[PDB]
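A.B. asks: Once you've had a glance at the structure underneath, I'll fire off some questions.
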Amino acid sequence: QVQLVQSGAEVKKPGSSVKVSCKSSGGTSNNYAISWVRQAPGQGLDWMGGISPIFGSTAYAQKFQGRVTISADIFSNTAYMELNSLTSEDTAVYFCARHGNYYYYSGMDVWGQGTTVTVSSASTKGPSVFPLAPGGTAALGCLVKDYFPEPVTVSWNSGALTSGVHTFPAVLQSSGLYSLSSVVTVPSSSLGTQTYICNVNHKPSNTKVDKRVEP
Amino acid sequence: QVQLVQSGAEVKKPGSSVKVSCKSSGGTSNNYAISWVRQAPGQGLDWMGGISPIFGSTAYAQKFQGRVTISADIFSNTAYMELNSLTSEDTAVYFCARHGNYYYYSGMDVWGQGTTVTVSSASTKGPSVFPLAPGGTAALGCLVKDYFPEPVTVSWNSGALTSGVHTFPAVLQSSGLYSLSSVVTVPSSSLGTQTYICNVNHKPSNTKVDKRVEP
Amino acid sequence: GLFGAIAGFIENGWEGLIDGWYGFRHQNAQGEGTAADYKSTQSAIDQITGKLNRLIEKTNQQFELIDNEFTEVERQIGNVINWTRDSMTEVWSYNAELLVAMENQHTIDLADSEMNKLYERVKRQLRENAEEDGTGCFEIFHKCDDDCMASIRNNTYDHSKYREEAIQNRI
Amino acid sequence: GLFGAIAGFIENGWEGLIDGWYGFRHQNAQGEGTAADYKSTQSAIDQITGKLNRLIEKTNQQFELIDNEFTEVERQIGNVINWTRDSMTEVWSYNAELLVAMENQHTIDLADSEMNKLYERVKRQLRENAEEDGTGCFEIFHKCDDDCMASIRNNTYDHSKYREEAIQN
Amino acid sequence: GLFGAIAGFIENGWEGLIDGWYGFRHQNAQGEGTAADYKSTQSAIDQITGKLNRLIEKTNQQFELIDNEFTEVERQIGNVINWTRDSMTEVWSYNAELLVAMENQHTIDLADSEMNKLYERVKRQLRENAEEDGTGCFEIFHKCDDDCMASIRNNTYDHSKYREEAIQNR
Amino acid sequence: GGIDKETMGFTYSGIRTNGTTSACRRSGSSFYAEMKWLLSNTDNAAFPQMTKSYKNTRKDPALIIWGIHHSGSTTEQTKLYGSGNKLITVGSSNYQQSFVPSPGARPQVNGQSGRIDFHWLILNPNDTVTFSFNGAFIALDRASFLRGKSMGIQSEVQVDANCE
Amino acid sequence: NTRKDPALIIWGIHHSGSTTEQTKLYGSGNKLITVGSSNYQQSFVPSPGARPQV
């Protein structure tokens with residue numbers, strides 16, 4: 001059973017180009033057409049073009065002609081899409097998908113996992129982390145401030161506390177930096193006994209912070 | 001385009017044999033029939049036979065059967081005609097020609113430049129070359145005396161001067177030897193400046209002679 | 001050229017037929033229609049791909065330097081090494097050009113074969129209701145509509161439904 | 001797959017047909033009968049055997065040790081020897097797999113070919129008294145008995161004996 | 001033997017047919033006439049020639065002596081040289097015999113193929129005015145003259161001129 | 001195809017011919033059976049300048065061996081062969097080489113501090129080997145002729161005369 | 001080698017027929033020839049003494 005595996009998320013500055021790959025594993029897709037279809041945030045599917053490399057066809061949606069490159073290496077079972085002169089209108093998730101046959105009319109029945117491309121002028125920056133201090137139950141958490149890009153991981157007590165944890169989706173500030181919060185709900189009786197520390201890991205800046213939250 | 005280049009002129013004694021070659025240049029004739037056709041002096045064309053070497057056919061005219069052998073080397077793109085037991089009746093220009101297809105019915109649309117074969121009691125001899133000395137235009141030339149057999153070639157100024165050159169047909173003397181003249185017509189003003197030399201080449205006796213004509 | 005179809009009795013191919021190697025062009029009462037066959041196109045393409053995957057193979061076989069480009073090795077062993085390497089160059093070059101020519105012959109005749117398998121099949125479908133004209137066409141001897149074409153295409157056309165009709169219509 | 005017969009328009013083969021590669025299964029008034037064709041079975045088998053005899057050949061070509069498994073030869077010539085030997089292993093290995101793949105292609109199409117030579121022949125015998133249905137069968141348009149079948153088999157069936165009969169139908 | 005024509009359902013070839021590989025022998029009212037087909041004879045011949053030109057190629061590749069016939073080289077390097085040369089003799093000999101057997105199969109089946117392409121074409125020409133007897137012959141079901149033959153040969157024979165005629169006769 | 005041995009027809013005057021060593025045990029000290037260890041007449045004596053030559057008169061090539069003896073100490077060399085520089089030369093029409101022993105201390109192997117190095121050549125029908133030497137020279141008693149044709153293999157497993 | 005292509009260089013070592021003959025030709029004492037370039041380095045000692053006459 002063939003799977004299509006795409007290359008990882010890309011962070012790009014305006015005007016640059018991005019080239020995404022789609023590898024056919026568990027068998028070849030060379031005898032089929034593969035299309036590239038993008039989905040802008042909150043928008044619908046949009047066809048970019050396709051390639052059927054043995055057949056010998058490469059096709060493009062008129063709206064992307066001249067700006068997109070679709071290509072294939074039959075020898076590595078890989079298809080590629082390169083989109084040039086990037087702007088924020090191009091921030092979207094990009095999928096590769098295999099058609100039921102060698103051409104583009106048939107329904108697309110095999111899909112890749114998608115590759116996020118974000119076009120932004122933001123620079124990598126690690127978060128500044130602050131405690132959120134606290135009946136039956138209480139609410140305490142951590143504020144994870146001014147970082148870029150996504151993602152951040154938050155654990156409690158080195159991952160020891162999993163119950164009642166709710167990490168909210170980040171807000172994207174107008175600065176271009178993100179901020180998120182993680183709050184854990186906990187018995188207020190265990191306030192002056194059990195200690196509470198959030199561990200924030202930001203791979204991209206290699207930042208790792210532990211922060212104690214006290215009443 | 002293909003050209004068929006036959007071998008040099010031949011001088012043969014009675015009872016001897018001659019083998020003439022026809023090389024296909026600028027491509028192969030191996031997929032066509034090539035015939036040999038001779039022309040005795042002042043007479044009409046006469047078919048000797050042919051060969052179609054990939055097809056596997058060699059054909060002979062009845063009147064030459066047993067005295068002629070026709071063959072081919074597909075590897076050098078060459079056809080050959082060997083005629084045995086020569087007499088003066090065989091003095092004649094042999095022509096190799098290519099047929100529009102693999103066999104001998106189709107019109108022969110490519111031909112050779114022809115080989116002259118002379119069968120006689122006369123012996124080869126190189127020419128003695130003499131200058132012919134000279135208004136607007138002048139006439140100067142070279143007399144090419146007492147040679148056998150045909151052909152000689154005359155050039156002027158190491159082939160740098162081709163204009164106004166007229167090499168007259170040779171006069172066969174009662175002795176059995178030939179003589180010709182080559183005259184070039186030239187501006188008389190260019191008399192005391194430009195040097196005129198006549199180069200005579202007689203292949204059969206391997207004779208090269210350059211003469212300088214002076215006023 | 002093996003089977004007679006491509007560059008044989010079919011006169012040429014159709015530069016308008018983007019969506020296949022093999023297909024159908026029909027003329028009836030309603031109009032004129034073109035659509036490429038999947039079942040046989042896929043078939044050829046798949047055999048081409050199966051050829052490729054075999055050659056685009058990577059040798060897992062490693063070789064090291066026996067030679068030295070910076071300080072030349074002693075001259076006699078230098079001469080044996082060079083003579084061996086060149087001999088390998090002869091063998092491999094011959095192998096390369098032979099392999100490629102032969103794959104090509106076979107690929108071309110693979111195509112001829114699949115055409116002349118589309119043909120002979122459709123012919124078989126239509127039984128006695130039409131005729132080989134011989135330019136890769138069937139003159140149908142009964143009126144037929146565009147839902148009759150499709151039934152030939154996806155291989156459902158029933159003969160003994162139109163038999164009598166088309167049979168008197170050949171005298 | 002070259003000719004269209006085997007794994008083409010014939011749907012499959014008959015696991016009950018022990019006594020040949022190719023044969024006949026008929027349905028008429030009397031009953032249903034099966035017998036494998038000899039002339040064409042022999043024909044294919046013979047081309048296969050002629051292939052084998054070409055490969056199961058023994059090379060009359062002898063090689064000796066240039067090498068030493070007990071006390072290693074000096075290292076530079078040891079390395080030239082080894083490099084040549086591996087290069088030969090490459091050539092022979094490529095030769096082996098190519099030779100076998102190619103013979104196989106050809107063997108399979110040899111089979112498709114002989115089927116589609118049985119077919120086209122019987123078809124030729126029957127002239128206009130029957131029809132190609134297209135699953136590797138002939139619908140006979142006249143009643144026929146089991147001595148008529150045998151006359152098709154051993155290639156004696158006369159057409160112009162049953163012509164008119166089979167024609168209105 | 002691949003296609004069934006040569007050494008198949010055609011019983012044999014015609015030792016009288018000098019001027020081609022493929023041709024026609026007809027029998028009608030007037031007489032019996034034979035003429036070899038050009039277009040398909042040429043066609044085969046040309047594929048054979050194209051095979052030859054490929055093998056009759058000259059290698060532009062030069063080799064020199066690593067060896068010495070007059071004073072033998074030292075014995076260990078002598079033995080490596082000889083063993084290599086023999087190994088090459090193995091490879092080339094196998095290549096030679098394989099190449100030739102394979103070209104031959106293909107040449108033979110090339111021939112079967114072109115015969116069975118002449119056949120199937122004439123068949124297509126005649127539409128419904130004749131029948132496959134199956135020895136490489138067409139029984140024509142209408143009287144026909146020798147200018148009708150020539151029109152089959154050079155591929156001009158019109159069917160719907162003789163259609164009805166030959167059909168009642170069936 | 002195996003070997004067939006023929007005497008080289010050497011005889012020797014005013015030297016010993018029978019040097020042996022405890023490392024080749026037959027019944028007490030012996031030596032290579034096809035070789036003769038040539039020694040001075042008495043300990044320390046001068047070994048004469050000798051020339052011995054052999055012509056291959058048979059119709060197939062002869063294999064010729066000889067050895068150069070490297071004594072365990074310089075003292076041991078002069079004791080065996082007398083004092084002074086030693087040189088062995090070996091010539092035929094397609095061969096030409098000379099040899100100087102290098103006496104001096106090696107570890108003991110089979111209780112010996114000296115070493116013997118064997119050299120060999122092929123003598124073509126009708127050609128002659130000439131040895132010249134004043135010591136440190138191990139002379140062949142017999143030449144070898146090859147018998148025919150065979151295959152040689154190296155093996156770690158038993159022989160079986162039942163399978164082909 | 002000031003030319004633009006590689007040069008082939010030869011020399012010989014003479015092995016005299018007797019020690020007496022070496023010292024007559026070349027004087028007494030140990031002889032040594034050395035030959036060096038940027039890709040070559042070797043030394044040679046003659047070995048005088050009796051060979052058959054050729």
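Each chain in the structure tokens gets a letter, A, B and so on, in the order shown; residues start at 1 in every chain, and ligands are counted from 1 in the order they appear.
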Env of residue B:207: 10 Å cut, atoms = only C-alpha atoms, seq-sep filter 6 positions within chain, self excluded. Answer as number ranges by chain.

C.D. replies: B: 125-128, 152, 200-201

A.B. asks: Where does chain G meet chain F within 8 Å, residue by residue, with the nearest atom pair and distance in Å to one decimal for each, counting only C-alpha atoms, listed by chain and rising number, as a tab-separated table?

C.D. replies:
residue	atom	partner	partner_atom	distance
G:47	CA	F:98	CA	7.7
G:49	CA	F:87	CA	6.8
G:50	CA	F:132	CA	6.8
G:51	CA	F:89	CA	6.2
G:52	CA	F:130	CA	7.1

A.B. asks: Could the residues in this selection be saved with N, CA, C and O atoms as a PDB file, in the first residue's frame?

C.D. replies:
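And here is the file that came out, out_36.pdb:
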ATOM      1  N   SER G  47      78.686  -4.642  -7.147  1.00  0.00           N
ATOM      2  CA  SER G  47      79.047  -5.912  -6.535  1.00  0.00           C
ATOM      3  C   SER G  47      80.086  -6.592  -7.419  1.00  0.00           C
ATOM      4  O   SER G  47      79.750  -7.492  -8.192  1.00  0.00           O
ATOM      5  N   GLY G  49      83.183  -8.930  -8.837  1.00  0.00           N
ATOM      6  CA  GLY G  49      83.419 -10.354  -8.673  1.00  0.00           C
ATOM      7  C   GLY G  49      83.116 -11.170  -9.917  1.00  0.00           C
ATOM      8  O   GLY G  49      82.623 -10.642 -10.914  1.00  0.00           O
ATOM      9  N   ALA G  50      83.411 -12.469  -9.852  1.00  0.00           N
ATOM     10  CA  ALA G  50      83.574 -13.284 -11.052  1.00  0.00           C
ATOM     11  C   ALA G  50      82.235 -13.763 -11.610  1.00  0.00           C
ATOM     12  O   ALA G  50      81.475 -14.457 -10.934  1.00  0.00           O
ATOM     13  N   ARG G  51      81.971 -13.385 -12.856  1.00  0.00           N
ATOM     14  CA  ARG G  51      80.884 -13.948 -13.651  1.00  0.00           C
ATOM     15  C   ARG G  51      81.504 -14.694 -14.821  1.00  0.00           C
ATOM     16  O   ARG G  51      82.654 -14.431 -15.172  1.00  0.00           O
ATOM     17  N   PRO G  52      80.764 -15.646 -15.412  1.00  0.00           N
ATOM     18  CA  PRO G  52      81.318 -16.178 -16.662  1.00  0.00           C
ATOM     19  C   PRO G  52      81.565 -15.037 -17.656  1.00  0.00           C
ATOM     20  O   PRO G  52      80.983 -13.967 -17.480  1.00  0.00           O
TER      21      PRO G  52
END

A.B. asks: Quick one: which chain G residues come within 12 Å of chain C, and what is the nearest atom pair for each with the distance in Å to one decimal, counting only C-alpha atoms, rows ordered by chain and ascending number, as JSON lines?

C.D. replies:
{"residue": "G:38", "atom": "CA", "partner": "C:71", "partner_atom": "CA", "distance": 10.4}
{"residue": "G:39", "atom": "CA", "partner": "C:71", "partner_atom": "CA", "distance": 7.6}
{"residue": "G:40", "atom": "CA", "partner": "C:71", "partner_atom": "CA", "distance": 10.5}

A.B. asks: Given the choices E:104, E:84, E:89, E:49, which gets closest to chain B if the distance is worked out from only C-alpha atoms?

C.D. replies: E:49

A.B. asks: Which one of B:19, B:145, B:208, B:67 sits closest to residue B:177 if you count only C-alpha atoms?

C.D. replies: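 For residue B:177, the nearest of the given residues is B:145.
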
A.B. asks: Excluding stretch 85-93 of chain D and its own-chain neighbours fewer than 4 positions away, which residues fall within 12 Å of it when counting only C-alpha atoms? Please give them as number ranges by chain.

C.D. replies: C: 59-64, 84-96; D: 65-67, 78-81, 97-100; E: 80, 83-92, 94-95

A.B. asks: Counting only C-alpha atoms, which residues of chain B come no farther than 8 Å from chain E, as a PDB file with N, CA, C and O atoms, in the first residue's frame?

C.D. replies:
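Listed below is the output, part_13.pdb:
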ATOM      1  N   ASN B  30      24.350  -0.327 -49.394  1.00  0.00           N
ATOM      2  CA  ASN B  30      24.254  -1.773 -49.222  1.00  0.00           C
ATOM      3  C   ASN B  30      22.835  -2.298 -49.396  1.00  0.00           C
ATOM      4  O   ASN B  30      22.631  -3.476 -49.682  1.00  0.00           O
ATOM      5  N   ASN B  31      21.854  -1.429 -49.209  1.00  0.00           N
ATOM      6  CA  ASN B  31      20.450  -1.807 -49.351  1.00  0.00           C
ATOM      7  C   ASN B  31      19.885  -1.619 -50.771  1.00  0.00           C
ATOM      8  O   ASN B  31      18.686  -1.788 -50.995  1.00  0.00           O
ATOM      9  N   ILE B  54      23.152  -7.011 -49.554  1.00  0.00           N
ATOM     10  CA  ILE B  54      22.364  -7.438 -48.413  1.00  0.00           C
ATOM     11  C   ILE B  54      21.286  -8.417 -48.899  1.00  0.00           C
ATOM     12  O   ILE B  54      21.073  -9.471 -48.296  1.00  0.00           O
ATOM     13  N   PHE B  55      20.602  -8.073 -49.982  1.00  0.00           N
ATOM     14  CA  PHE B  55      19.640  -8.981 -50.599  1.00  0.00           C
ATOM     15  C   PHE B  55      20.204 -10.348 -50.926  1.00  0.00           C
ATOM     16  O   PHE B  55      19.516 -11.361 -50.817  1.00  0.00           O
ATOM     17  N   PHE B  75      31.169  -3.840 -45.684  1.00  0.00           N
ATOM     18  CA  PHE B  75      31.764  -3.201 -44.549  1.00  0.00           C
ATOM     19  C   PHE B  75      32.483  -1.870 -44.819  1.00  0.00           C
ATOM     20  O   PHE B  75      32.547  -0.990 -43.958  1.00  0.00           O
ATOM     21  N   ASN B 101      16.273   1.028 -55.995  1.00  0.00           N
ATOM     22  CA  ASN B 101      15.864   0.010 -55.037  1.00  0.00           C
ATOM     23  C   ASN B 101      16.864  -1.141 -55.002  1.00  0.00           C
ATOM     24  O   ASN B 101      17.955  -1.048 -55.564  1.00  0.00           O
ATOM     25  N   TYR B 102      16.462  -2.231 -54.354  1.00  0.00           N
ATOM     26  CA  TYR B 102      17.314  -3.406 -54.183  1.00  0.00           C
ATOM     27  C   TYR B 102      17.589  -4.226 -55.448  1.00  0.00           C
ATOM     28  O   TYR B 102      18.425  -5.129 -55.410  1.00  0.00           O
ATOM     29  N   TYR B 103      16.909  -3.939 -56.557  1.00  0.00           N
ATOM     30  CA  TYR B 103      17.060  -4.784 -57.741  1.00  0.00           C
ATOM     31  C   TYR B 103      17.289  -3.974 -59.022  1.00  0.00           C
ATOM     32  O   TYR B 103      17.328  -2.743 -58.991  1.00  0.00           O
TER      33      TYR B 103
END

A.B. asks: Grab the atom CA of residue A:87 to atom CA of residue A:62 distance for me, in Å with one decimal place.

C.D. replies: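 Taking atom CA of residue A:87 and atom CA of residue A:62, their separation equals 18.2 Å.
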
A.B. asks: Dump as a Markdown table the rows for residues of chain C within 9 Å of chain E: closest atom pair and distance in Å with one decimal, only C-alpha atoms counted, ordered by chain and rising residue number.

C.D. replies:
| residue | atom | partner | partner_atom | distance |
| --- | --- | --- | --- | --- |
| C:1 | CA | E:113 | CA | 8.8 |
| C:2 | CA | E:113 | CA | 6.1 |
| C:3 | CA | E:113 | CA | 7.0 |
| C:4 | CA | E:117 | CA | 6.2 |
| C:8 | CA | E:117 | CA | 9.0 |
| C:9 | CA | E:121 | CA | 8.1 |
| C:76 | CA | E:66 | CA | 8.2 |
| C:77 | CA | E:77 | CA | 8.1 |
| C:79 | CA | E:66 | CA | 6.8 |
| C:80 | CA | E:66 | CA | 6.6 |
| C:83 | CA | E:63 | CA | 7.5 |
| C:84 | CA | E:84 | CA | 7.6 |
| C:86 | CA | E:63 | CA | 8.6 |
| C:87 | CA | E:88 | CA | 7.8 |
| C:88 | CA | E:88 | CA | 8.9 |
| C:90 | CA | E:61 | CA | 8.2 |
| C:91 | CA | E:92 | CA | 7.9 |
| C:131 | CA | E:127 | CA | 7.6 |
| C:132 | CA | E:124 | CA | 6.5 |
| C:133 | CA | E:124 | CA | 6.7 |
| C:134 | CA | E:124 | CA | 5.6 |
| C:171 | CA | E:164 | CA | 7.4 |

A.B. asks: What parts of stretch 8-137 of chain C does DSSP call helix (DSSP H, G or I)? I'd like the answer as a CSV table (one decimal) with C-alpha atoms, in the first residue's frame.

C.D. replies:
chain,number,residue,atom,x,y,z
C,8,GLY,CA,1.3,0.3,-40.6
C,9,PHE,CA,-2.3,0.4,-41.6
C,38,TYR,CA,-7.8,3.6,-20.2
C,39,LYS,CA,-7.5,-0.2,-20.0
C,40,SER,CA,-4.9,-0.5,-22.7
C,41,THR,CA,-3.1,2.8,-22.1
C,42,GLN,CA,-2.5,1.8,-18.5
C,43,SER,CA,-1.4,-1.6,-19.9
C,44,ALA,CA,1.5,-0.2,-22.0
C,45,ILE,CA,2.5,2.5,-19.6
C,46,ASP,CA,2.8,-0.1,-16.9
C,47,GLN,CA,5.2,-2.2,-19.0
C,48,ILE,CA,7.3,0.9,-19.7
C,49,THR,CA,7.5,1.7,-16.0
C,50,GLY,CA,8.4,-1.9,-15.3
C,51,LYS,CA,11.3,-1.6,-17.7
C,52,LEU,CA,12.5,1.6,-16.0
C,53,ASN,CA,12.5,0.3,-12.5
C,54,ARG,CA,14.8,-2.5,-13.6
C,55,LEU,CA,17.5,-0.2,-15.0
C,75,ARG,CA,55.0,1.7,-14.5
C,76,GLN,CA,54.4,-2.0,-15.3
C,77,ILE,CA,51.6,-2.4,-12.8
C,78,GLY,CA,50.4,1.0,-14.0
C,79,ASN,CA,50.1,-0.6,-17.5
C,80,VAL,CA,48.2,-3.7,-16.4
C,81,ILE,CA,45.7,-1.6,-14.4
C,82,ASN,CA,45.1,0.7,-17.3
C,83,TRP,CA,44.7,-2.2,-19.8
C,84,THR,CA,42.1,-3.9,-17.4
C,85,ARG,CA,40.1,-0.7,-16.8
C,86,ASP,CA,39.9,0.0,-20.6
C,87,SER,CA,38.9,-3.6,-21.3
C,88,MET,CA,36.1,-3.1,-18.8
C,89,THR,CA,35.2,0.1,-20.6
C,90,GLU,CA,34.8,-1.9,-23.8
C,91,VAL,CA,32.6,-4.5,-22.2
C,92,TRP,CA,30.3,-2.0,-20.4
C,93,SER,CA,30.0,0.3,-23.4
C,94,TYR,CA,28.9,-2.6,-25.6
C,95,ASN,CA,26.5,-3.7,-22.9
C,96,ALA,CA,25.1,-0.2,-22.6
C,97,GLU,CA,24.4,0.4,-26.3
C,98,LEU,CA,23.1,-3.2,-26.8
C,99,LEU,CA,20.8,-3.0,-23.8
C,100,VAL,CA,19.4,0.3,-24.9
C,101,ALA,CA,18.8,-0.6,-28.6
C,102,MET,CA,17.1,-3.8,-27.6
C,103,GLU,CA,14.9,-2.2,-24.9
C,104,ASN,CA,13.9,0.3,-27.7
C,105,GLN,CA,13.0,-2.3,-30.3
C,106,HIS,CA,10.9,-4.1,-27.6
C,107,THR,CA,9.3,-0.9,-26.4
C,108,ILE,CA,8.1,0.1,-29.9
C,109,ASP,CA,6.7,-3.3,-30.6
C,110,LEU,CA,5.1,-3.3,-27.2
C,111,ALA,CA,3.2,-0.3,-28.5
C,112,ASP,CA,2.3,-1.9,-31.8
C,113,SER,CA,1.1,-4.9,-29.9
C,114,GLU,CA,-1.3,-3.0,-27.6
C,115,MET,CA,-2.9,-1.0,-30.5
C,116,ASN,CA,-3.4,-4.2,-32.4
C,117,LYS,CA,-4.9,-5.6,-29.2
C,118,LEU,CA,-7.4,-2.8,-29.0
C,119,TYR,CA,-8.4,-3.2,-32.5
C,120,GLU,CA,-8.8,-7.0,-32.6
C,121,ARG,CA,-10.9,-6.8,-29.4
C,122,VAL,CA,-13.4,-4.2,-30.6
C,123,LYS,CA,-13.6,-6.2,-33.9
C,124,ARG,CA,-14.5,-9.3,-31.7
C,125,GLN,CA,-17.2,-7.4,-29.9
C,126,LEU,CA,-19.1,-6.3,-33.0

A.B. asks: Just asking: which residues within stretch 8-96 of chain E are strand (DSSP E or B) according to DSSP, as JSON, numbers by chain?

C.D. replies: {"E": [23, 24, 25, 26, 27, 32, 33, 34, 35, 36]}

A.B. asks: Neighbouring residues of residue D:155 were defined as those with any atom within 9 Å, considering only C-alpha atoms; residues of the same chain fewer than 3 positions away were excluded. Please report them as a VMD selection string.

C.D. replies: chain D and resid 122 125 150 to 152 158

A.B. asks: Report the closest atom pair, with its distance in Å rounded to one decimal, for each residue of chain F that has an atom no farther than 8 Å from chain D; count only C-alpha atoms, sort by chain and then rising residue number, and write it as CSV.

C.D. replies:
residue,atom,partner,partner_atom,distance
F:151,CA,D:64,CA,7.1
F:152,CA,D:64,CA,7.5
F:153,CA,D:65,CA,7.3
F:154,CA,D:69,CA,7.4

A.B. asks: Distance table requested - chain F against chain E, cut-off 12 Å, only C-alpha atoms: one row per qualifying residue with the closest atom pair and its distance in Å to one decimal, ordered by chain and rising residue number, as JSON lines.

C.D. replies:
{"residue": "F:93", "atom": "CA", "partner": "E:71", "partner_atom": "CA", "distance": 10.6}
{"residue": "F:94", "atom": "CA", "partner": "E:71", "partner_atom": "CA", "distance": 7.7}
{"residue": "F:95", "atom": "CA", "partner": "E:71", "partner_atom": "CA", "distance": 10.5}
{"residue": "F:120", "atom": "CA", "partner": "E:75", "partner_atom": "CA", "distance": 11.7}
{"residue": "F:121", "atom": "CA", "partner": "E:75", "partner_atom": "CA", "distance": 10.4}
{"residue": "F:122", "atom": "CA", "partner": "E:75", "partner_atom": "CA", "distance": 10.5}
{"residue": "F:124", "atom": "CA", "partner": "E:71", "partner_atom": "CA", "distance": 11.8}

A.B. asks: Compile the contact shell of residue D:19 as a PyMOL selection string: residues with an atom at most 9 Å away, counting only C-alpha atoms, same-chain residues fewer than 4 positions apart removed.

C.D. replies: chain D and resi 23+35-37

A.B. asks: Rounded to one decimal, what separation in Å do you get between atom CA of residue C:28 and atom CA of residue A:105?

C.D. replies: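 Computed distance, atom CA of residue C:28 to atom CA of residue A:105, equals 25.8 Å.
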
A.B. asks: Quick one: residues within 7 Å of residue G:43, only C-alpha atoms counted, chain neighbours fewer than 5 positions away excluded, as a PDB file with N, CA, C and O atoms, in the first residue's frame?

C.D. replies:
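In the end it all went to around-v7.pdb:
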ATOM      1  N   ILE G  33      76.535   5.160  -5.597  1.00  0.00           N
ATOM      2  CA  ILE G  33      75.948   6.068  -6.577  1.00  0.00           C
ATOM      3  C   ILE G  33      74.570   6.376  -5.998  1.00  0.00           C
ATOM      4  O   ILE G  33      73.844   5.452  -5.642  1.00  0.00           O
ATOM      5  N   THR G  34      74.179   7.645  -5.930  1.00  0.00           N
ATOM      6  CA  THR G  34      72.807   7.989  -5.590  1.00  0.00           C
ATOM      7  C   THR G  34      72.154   8.812  -6.686  1.00  0.00           C
ATOM      8  O   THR G  34      72.823   9.536  -7.419  1.00  0.00           O
ATOM      9  N   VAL G  35      70.844   8.671  -6.794  1.00  0.00           N
ATOM     10  CA  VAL G  35      70.081   9.324  -7.835  1.00  0.00           C
ATOM     11  C   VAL G  35      68.784   9.837  -7.225  1.00  0.00           C
ATOM     12  O   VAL G  35      68.008   9.061  -6.658  1.00  0.00           O
TER      13      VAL G  35
END
